[PDB]
Amino acid sequence: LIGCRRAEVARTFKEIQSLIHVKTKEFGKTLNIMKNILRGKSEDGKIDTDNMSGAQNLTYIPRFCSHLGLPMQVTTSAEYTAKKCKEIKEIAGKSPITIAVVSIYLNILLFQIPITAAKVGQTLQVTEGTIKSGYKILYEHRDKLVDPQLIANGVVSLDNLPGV
Amino acid sequence: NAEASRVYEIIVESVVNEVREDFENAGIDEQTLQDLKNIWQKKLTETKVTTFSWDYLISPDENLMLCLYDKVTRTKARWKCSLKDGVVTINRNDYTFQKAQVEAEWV
Amino acid sequence: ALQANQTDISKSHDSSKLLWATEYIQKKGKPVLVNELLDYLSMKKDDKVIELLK
Amino acid sequence: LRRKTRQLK
Amino acid sequence: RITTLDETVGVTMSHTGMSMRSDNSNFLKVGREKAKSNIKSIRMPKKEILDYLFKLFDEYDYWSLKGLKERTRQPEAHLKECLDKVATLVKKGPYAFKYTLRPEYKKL
Amino acid sequence: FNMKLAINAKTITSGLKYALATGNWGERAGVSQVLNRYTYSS
Amino acid sequence: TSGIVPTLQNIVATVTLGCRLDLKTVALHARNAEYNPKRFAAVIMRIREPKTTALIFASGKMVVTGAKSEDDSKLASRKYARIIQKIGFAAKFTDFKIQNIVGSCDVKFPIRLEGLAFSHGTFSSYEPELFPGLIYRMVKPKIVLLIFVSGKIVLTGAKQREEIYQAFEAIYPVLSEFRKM
Amino acid sequence: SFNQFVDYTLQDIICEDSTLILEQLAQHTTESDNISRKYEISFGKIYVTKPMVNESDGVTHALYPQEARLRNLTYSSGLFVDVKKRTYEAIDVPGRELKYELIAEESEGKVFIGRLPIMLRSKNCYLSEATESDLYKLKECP
Amino acid sequence: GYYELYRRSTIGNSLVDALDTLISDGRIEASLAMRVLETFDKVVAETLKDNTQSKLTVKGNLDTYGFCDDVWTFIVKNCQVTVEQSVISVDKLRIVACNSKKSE
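Under the Function heading, UniProt states for chain I: "TFIIA is a component of the transcription machinery of RNA polymerase II and plays an important role in transcriptional activation. TFIIA in a complex with TBP mediates transcriptional activity."

Going by the PDB entry, chain G carries the name TATA-box-binding protein and comes from Saccharomyces cerevisiae. According to the UniProt record, the Subunit comment for chain G reads "Binds DNA as monomer. The 1.2 MDa TFIID complex is composed of TATA binding protein (TBP) and the 14 TBP-associated factors. One copy of each TAF1, TAF2, TAF3, TAF7, TAF8, TAF11, TAF13, two copies of each TAF4, TAF5, TAF6, TAF9, TAF10, TAF12, and three copies of TAF14. Interacts with TFC8." Note on chain G: under the UniProt heading Subcellular location, the record states "Nucleus".

**Topic: the interface of chain B and chain I**
Every contact between the two is made by 56 residues of chain B and, on the other side, 58 residues of chain I. Between chain B and chain I, roughly 5,300 Å² of surface is buried when both sides are summed, and carbon and sulfur atoms account for 67% of that area. Taken together, chain B and chain I are joined by three salt bridges. A salt bridge links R94 of chain I to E62 of chain B, with the nearest nitrogen and oxygen atoms 3.6 Å apart. Counting the contacts that link chain B with chain I gives 24 residue pairs in polar contact. Per-class residue counts for the side of chain B that touches chain I are 35 nonpolar, eight polar and 13 charged.

**Describing the environment of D70 of chain B**
Positionally, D70 of chain B belongs in strand β1 (residues 64–74). For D70 of chain B, a relative accessible area of 44% translates into the label partly exposed. Separated by 30 residues in sequence, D70 of chain B and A100 of chain B place their C-alpha atoms 10 Å apart. Residues in contact with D70 of chain B, not counting those within four places in the same chain, are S82 and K84 of chain B together with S100 of chain I. Among the polar contacts listed, one links the side chain of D70 of chain B to the side chain of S100 of chain I, at a separation of 3.4 Å.

**Description of the arrangement of the chains**
Ranked by contact count, the leading pair among the 13 pairs of chains in contact consists of chains B and I. Considering only C-alpha positions, the minimal separation of the non-contacting chain B and chain D is 40 Å. One finds no contact between chain C and chain H; the C-alpha atoms of the two approach each other to within 28 Å at their closest.

**Considering unusual backbone geometry**
Omega for the peptide link from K140 of chain G to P141 of chain G comes to 0°, which places this bond in the cis form. Its place among the elements puts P141 of chain G in the loop between β8 (133–137) and β9 (144–148). The backbone of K76 of chain B shows a phi angle near 65°, a positive value even though the residue is not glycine. Looking at the secondary structure, you find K76 of chain B in the loop between β1 and β2 (78–90).

**Remarks on the domain arrangement of chain I**
It is common to give the size of an interface as the accessible area lost on bringing the parts into contact. Residues and elements named next belong to chain I. Domain boundaries assigned for chain I yield domain 1 (1–53) and domain 2 (54–100). The centre of domain 1, based on its C-alpha atoms, is set 24 Å off from the matching centre of domain 2. Contacts between domain 1 and domain 2 engage five residues on the former and seven residues on the latter. Surface buried jointly by domain 1 and domain 2 totals about 540 Å² across both partners, of which 48% is contributed by carbon and sulfur atoms.

**Quick look at the nonpolar core**
Residues and elements named next belong to chain G. Counting 53 residues, the largest nonpolar core has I111, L145, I153 and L155 as its most contacted members. Residue contributions to this core peak at six residues, all from helix α2 (residues 70–87). Two domains each put at least three residues into this core: domain 1 (1–12 + 99–181) and domain 2 (13–98). Not counting the four nearest positions on each side in its chain, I111 is found in contact with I147, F148, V149, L175, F178 and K180.

**Describing a nonpolar patch on the surface**
All names here are of chain F. On the surface, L20, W25 and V31 cluster together to form a nonpolar patch covering roughly 270 Å² of accessible area. By secondary structure assignment, the location of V31 is in the segment after α2 (10–21). Given the relative accessible area of 43%, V31 is considered partly exposed.

**Some words on the domain arrangement of chain G**
Residues and elements named next belong to chain G. Once the domains are mapped, chain G shows domain 1 (1–12 + 99–181) and domain 2 (13–98). Domain 1 and domain 2 are separated by 32 Å when their C-alpha centres are compared. Listed as interface residues are ten residues of domain 1 and, on the opposing side, twelve residues of domain 2. For the domain 1 face of the interface with domain 2, the top three residues by lost area are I11, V12 and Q99, together amounting to 58%. Where domain 1 packs against domain 2, one counts one salt bridge. Across the pair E70 and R161 runs a salt bridge whose closest N-O atoms are separated by 2.3 Å. Looking at the side of domain 1 that touches domain 2, the elements that each hand over two or more residues are β1 (7–16) and β6 (96–106). Broken down by element, the residue count for the side of domain 1 that touches domain 2 peaks at five residues, all from β1. Per-class residue counts for the side of domain 1 that touches domain 2 are four nonpolar, four polar and two charged.

**Structural notes on helix α1 (residues 2–14) of chain H**
All names here are of chain H. Taking 1.5 Å of rise per residue, 13 residues should cover 18 Å, and α1 covers 17 Å from first to last C-alpha, within 8% of that figure. At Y8, α1 shows its strongest bend, of approximately 40°. Taken together, the buried positions of α1 are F2, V6, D7, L10 and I14. Next to the buried residues of α1 lie β2 (35–54), β4 (76–91) and β6 (110–117).

What counts, and at which threshold
- Residues numbered from 1 in each chain as written, not as in the entry; some residues may be left out.
- Chains lettered and ligands numbered in written order.
- Part of a larger assembly, values for the part shown.
- Heavy atoms only, no water.
- Residues with missing side-chain atoms left out of burial classes, pairs and counts.
- UniProt positions renumbered as here; feature names shortened; annotations may be inferred.
- Contact = heavy atoms within 4.5 Å.
- Buried area = accessible area lost by both parts, 1.4 Å probe.
- Salt bridge = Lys/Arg side-chain N within 4 Å of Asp/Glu carboxyl O.
- Polar contact = N/O pair within 3.5 Å; in protein donor to acceptor, adjacent residues only side chain to side chain.
- Nonpolar A, V, L, I, M, F, W, Y, C, P; charged D, E, K, R; others polar.
- Helix = DSSP H or I, 4+ residues; strand = E, 2+ residues; numbered from the N terminus.
- Buried < 20%, exposed > 50% of the residue type's maximum accessible area, 1.4 Å probe, protein only.
- Domains from an automatic or database assignment.
- Core = buried A, V, L, I, M, F, W, Y, C linked by side-chain atoms within 4.5 Å.
- Patch = residues over 30% accessible without salt bridge, like charges linked within 9 Å, V, L, I, M, F, W, Y side chains within 5 Å.
- Areas by Shrake-Rupley, 256 points an atom, 1.4 Å probe, with all protein chains shown as cover.
- Expected span 1.5 Å × (residues − 1).
- Bend = angle between axes of the 7 residues up to and from the residue.

Here is the structure:
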């Protein structure tokens, strides 16, 4: 996990747990301990940067979109929405996976790709209710979660997003 | 309660039918079965429980329920108990249940 | 509770009875007469364990 | 005792 | 001839390598099958288990360690003390690694 | 048991790539050569 | 500076009795007791007036928890010893030391956790995919503080009132520097 | 030669040792453990995708020969095989032949087994279906 | 083995009085009476498991709880008991329950 982060190709905890059979509690404690040891030798003997931040949700979007087979245009829109998604306090505290997954779902319906939420959450292993629940909060700030250029050009219109 | 009476009739019937084999082992006469059935039935109707066909330390009239518990948990002020196959006596009235749920708050 | 905790010497086997006697013997600075043993185990008459002990 | 793990063709 | 998958390459590769999806298969889950069974037990005091052992020895004269823990269902720590005090283990004999009652009490 | 780890796909990929990048056909020499592109006839 | 005094929520105290107790006897002779030797090697006891829980071990050690004040904890511990004494066992109050104090407070504004994890990378430890709250390990005083996006701060590790107050005062200036928006 | 190998030989090779059977003997230690288990993995049909490349970040997209040459990549396609997994168990009565029986555990599913390099202008290549105009678009010499 | 708690119920108490009364009369052996009690648990357990379907719930405030030897014991005060319909008010309710999984 640390090695992936340093290379800006980071993976999620669940993704690594798919191959290595380690429970979350043991995995979490070990990661913190190893980081401190690297920190200890870094000072006495760089190691961490902005990428070291746990969230780094911008890096997850391209890989998640590929699994769904979305076009590269959709992924670019998701990156902007995810980048601006951190301005909302009611969702900034959520896990980065959910923030990216919810952001991806918003763009999927924005471009009207025929993929139902039941599959989006199945591919990324996110509860379908969670994806729908996250969409509801984001629906209240759709104006601030859409790239101005895309709406200005006319490719996507805000009337294509249903409201609960 | 009709259900409580029906179960009670089954229980008494099972005891007398099943105890016959043991009684023959002890060599007791057949008439004793009728006496045991008669005396026991009068005791049930005598209690008048239901209609019948016939500090800090630890120190009928008291309501009591005897049953089995499947799983009991609590959340910091509350207790939840899952009970099944029990008989409860409240205010001289008897009831039977296949399942029961307890929702009490520990003040 | 302590009074009820005490277990009679009516054990399953005579060998188990000898264990309690020997365990009682080793915890004594000096040899103990039979009378002292009788106070320990709830049996007074001559026992096969006593003969086996010799 | 056997090897408790045998492969058959 | 071999079929060619026309679906998007990204979708076909979503079930490979480090994927968010978790395996739901129950194949060769040997650890899960047996690790599910686990339970502790409290030491039955010497006041009580002392009689249990001698009755156990009277049944059979060569009793293994693994069976003893199963039958007594007690921790091996204290269970060792009673076993060594009453019985002895023969390692070099044909019945190697099997506890047997000491000759002092067996010869009765 | 994890099928993703039981079957190591790198065995086939590395084996074929190594045998084709280099002449050695194991795990005969000079089997694979860099294609000549000096001229169309070559 | 802050203007808000954190409110204590849990006090974990350890007490000793110096005598051996029979948990089963206490469990059978106590109004509220739960002795399950299969799972744990102690009897769980609770009382209502202080709203506190006590863990009574067979070695005479007691662990009082849930007390909201030091004076209240002393009263609860004395009552716990009194309950044991009332049963019949020899129990006397002894050294009462508090091993942990838990407090809570709120700053009433959001915090950029990413910035804190970047600048103060040594003290901070941000793992949003595991716990949605950052972990701060203060060095002087040695106290662990949990900072959340919603502006709620949890203080744990202080052994006295002075230490917890000092930690909150020393973290407010750095905390305010990373206000979101 | 390559078309024949990709079309027919690949299926034939897998169909030689597609079956692996692991036998777990009785291991008689107690009467409560006398069941013998048999686990078998079987390889079914093989599937080949179009040429593709996986990048460091984990994004996978179709790779064309022109892009491969410039980036020092490998022009190869993925190999997938359907795997049928079954397990049989039986009661090992002493001194008798066993009758393995399906234990209602049969799972089926594509598993990656590596990348096969694809020769240019082959049936599996992108340029086989490309006309003269299409080749010009992809920056390839007719 | 089956639990002996049922002997404290009305049916169990009546049986004890019936058997004990006959014991005083000398028409039944003391050991024979014990055999009846052992079979009483079996028949009572068997019918309860298969010949009842009513469900009741109780809501109140706990006044005392305890656990020992796989036997819980709660005391709920000022609770309302509903069967299947009609609620019943109880000033003090004592609860005795045993483990659902029979100890062999």
